[PDB]
Structure formats: C-alpha cells, structure tokens
Amino acid sequence: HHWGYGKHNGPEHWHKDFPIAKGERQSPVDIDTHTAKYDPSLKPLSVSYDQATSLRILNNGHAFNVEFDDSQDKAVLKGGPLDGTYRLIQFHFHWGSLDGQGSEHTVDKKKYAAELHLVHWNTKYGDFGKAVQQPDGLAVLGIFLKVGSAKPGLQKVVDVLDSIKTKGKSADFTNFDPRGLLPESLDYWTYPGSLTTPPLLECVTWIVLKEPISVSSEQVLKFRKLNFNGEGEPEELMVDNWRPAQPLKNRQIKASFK
Ligand SMILES: NS(=O)(=O)c1ccc(CCN/C([SeH])=N/c2ccc(I)cc2)cc1
Ligand SMILES: [Zn+2]
C-alpha cells in the first residue's frame, strides 16, 4: 500500500508514512503575487545548459524523469538566491486530467495545466543523496505550462512516451537540449521549501519562473496516455500527479522583478 495520487494513497495520506508532510517548509505553495516582495539584492539567475548530457527517460510510476549525466559540472544553475553551483540531475513534470489543473505551485490560486521541475543539487555536498539531507541541498527550477501553441522543444519528449508507457520502463534519451523548454524571461519567485513527493525532505530552494511556456493540447494529451501501473496491470492513467498547495507558515516569497 505505497504512496501515490489515488483516494486511498494520495497527498492527504502521506503524513502517516512521512510526518514531515505537516512540517514548517513544505511545498508547493500558492504564490500571492501582491504579497511577494521585490528583493533588489537577488541576482539574475544563471542557467548554463549548453553542455547538458541527457542519458535516459524513465517512467517511475509517479512521473517520467529525463536523467542527465551529473558526474561533472556540465549543466548548472547558479546566481539568483543561490550560493554556489547546483548541477542538473533530472527534469520531470506534474500534470492534470484536464487543462484547468495539474500545476503544484499556484499563482493567486490559479492552477496551470502542468509544471516542469528541473532538479539540481548543490555540488558542495558531493552527490544527490547527501544533498537532500541539507536545507540548501537542492535547487528546483519550476516552469508553468499553459495549453496553446506547441512547444517545439518538447516534442522529442512527447514522441518517446509510447516506449515508456508503464512503471519501470526506460528508454535511451541522449542529446536532448533542455534549453528548448525555457521561456524567454528568467523573472522568478523564490522561497525555501521541500520535495513535493515523498520523502518530502525540506532541502529545496524553489525558483519558480513567472512566464509560463505554451504547449499544445496534443502534447499534454500524450502525457495523459502514460500509466501509473506496471505492464500487465490494470490500466490507471498517469494524470493528476500533483500535490496541492501547502501552508506558507513562517515564510516570505521573494520576487526577482518589479
Ligand atoms: N517534485 S520535486 O521536484 O520536488 C522532487 C521530488 C522528488 C525527488 C526525488 C527524491 N528521491 C530521492 Se530522495 N532519491 C535518492 C535518495 C538517495 C540517494 I544515495 C539517491 C537518490 C526530486 C525532486
Ligand atoms: Zn516535481
């Protein structure tokens, strides 16, 4: 009886195996745009993905991960609210059964159709498993998806999903350039938070971009053909794999922009 996103094992149940679910710095949160304060001391983000080395795509039963070679400083996030160098390890998405829901973060209680998470770990901790034990271990770059025009840089991901329909399937996925998933503006909000799935560790500096990317209805419909189940199990579509907004508690969301 493992955690997931159903009635019997969804987000309102996670606290029984992961008591940190009710902690002081949980994610995601609603971003109240009027309460977020401009912080003129924040730096522009530095997103250096020119040497990124993608390797593989995996259906893990909760989402799909595009995994990178993080054994060297090849794709790094720096600047903004961050001290030091954070290395890209993987990206994944969260999405809905309908275009009106799917994002984890919300903006003035608005839900987007999906949310991209580019996951990075602080190189001062040596690898990912050590970094998730530290309050500044991870930096996750969050990017909203709205349905409209296609995102051409997403289509190579969409077209491999048929080969990883079910939990535990993986496929070669080399030479994918994550720069094709970024919006024009790197304006962001930032706050201290957590992983949004178990183990819900409070190890993340969240950096959420204000500008969403547009994807087509056909692109998101292909996300919704994935399965949570393994091969030869009753089909359960991989939809609504998002955690809802958690209490902000004693936190301030900072804006990089006016
Ligand atoms: N949705 S999210 O962006 O907040 C998000 C949610 C979950 C995760 C993955 C955590 N899995 C862990 Se804790 N894996 C390892 C543990 C030990 C070792 I050694 C290596 C890996 C990342 C990002
Ligand atoms: Zn995520």
Side-chain angles (χ1 to χ4, degrees), residues 2-5 9-11 14-15 17-21 23 25-31 47 55-71 75 77 82 86-96 101-106 111-145 154 157 167-168 170 178 181 188-209 212-213 220 223 226 228 238-246 251:
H2 181 262
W3 72 264
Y5 294 98
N9 65 354
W14 296 347
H15 72 100
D17 280 323
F18 304 98
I20 203 174
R25 60 172 275 189
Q26 290 291 288
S27 294
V29 299
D30 182 53
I31 301 166
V47 184
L55 291 175
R56 194 175 74 138
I57 194 176
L58 171 69
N59 180 332
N60 59 24
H62 308 293
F64 65 87
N65 293 350
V66 176
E67 297 163 354
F68 289 82
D69 172 17
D70 63 348
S71 70
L77 185 67
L82 307 171
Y86 290 68
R87 198 175 283 183
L88 179 65
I89 178 166
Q90 54 109 323
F91 72 73
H92 61 271
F93 304 83
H94 309 259
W95 63 91
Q101 63 195 55
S103 67
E104 297 208 302
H105 292 91
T106 58
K111 295 175 166 84
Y112 288 88
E115 187 174 330
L116 170 58
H117 289 164
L118 297 131
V119 180
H120 311 78
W121 57 267
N122 192 333
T123 61
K124 76 188 273 185
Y125 303 124
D127 68 12
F128 178 85
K130 284 305 254 265
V132 298
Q133 297 179 61
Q134 317 302 325
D136 59 350
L138 294 198
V140 185
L141 180 59
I143 303 180
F144 297 119
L145 280 63
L154 183 60
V157 169
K167 178 175 52 52
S170 69
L181 300 177
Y188 63 85
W189 301 282
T190 184
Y191 77 96
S194 72
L195 305 178
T196 70
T197 71
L200 298 170
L201 294 169
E202 289 179 338
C203 61
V204 183
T205 302
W206 278 97
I207 301 168
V208 178
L209 295 192
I213 59 166
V220 182
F223 284 17
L226 289 164
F228 288 127
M238 185 180 283
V239 298
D240 295 318
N241 60 349
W242 50 276
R243 187 189 194 191
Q246 301 299 312
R251 293 174 291 181

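Both counts, for ligands and for their atoms, begin at 1 and track the order of listing. FYI, side chains are in, hydrogens and waters are out, and symmetry mates aren't considered; it's all heavy atoms of this structure. Residue numbers start at 1 and run along the sequence shown.
Centroid-to-centroid, the aromatic rings of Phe93 and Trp242 stay 6.0 Å apart or farther. Taking the ring centroids of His105 and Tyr191, they lie under the 6.0 Å cut-off.
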Are any protein N/O atoms closer than 3.5 Å to the N/O atoms of ligand 1? If there are, list each pair with names and the distance to one decimal place.
unit_1	atom_1	unit_2	atom_2	d
ligand 1	1 (N)	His92	NE2	3.3
ligand 1	1 (N)	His94	NE2	3.4
ligand 1	1 (N)	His117	ND1	3.4
ligand 1	1 (N)	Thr196	OG1	2.8
ligand 1	3 (O)	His117	ND1	3.4
ligand 1	4 (O)	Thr196	N	3.0

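Counted by atom type alone, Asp17 and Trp3 present zero donor-acceptor pairs between their side chains at under 3.5 Å.
For the Zn ion (ligand 2), the tally of protein N/O/S atoms lying closer than 2.8 Å stands at 3.
Listed for the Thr190 side chain is no donor-acceptor partner under 3.5 Å among the backbone atoms of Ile207. Under a 3.5 Å cut-off, the side chain of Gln26 and the backbone N or O of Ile20 do form a donor-acceptor pair.
Minimum interatomic distance between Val239 and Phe228 (heavy atoms only, all atoms of both residues): O-CZ, 3.5 Å. Contact between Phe64 and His92 at its shortest, heavy atoms only, is O-CB, 3.1 Å.
For the pair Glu202 and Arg25, the salt-bridge criterion is not met [side-chain N within less than 4.0 Å of a carboxylate O].
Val29 places none of its side-chain heavy atoms less than 4.5 Å from the side chain of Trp189.
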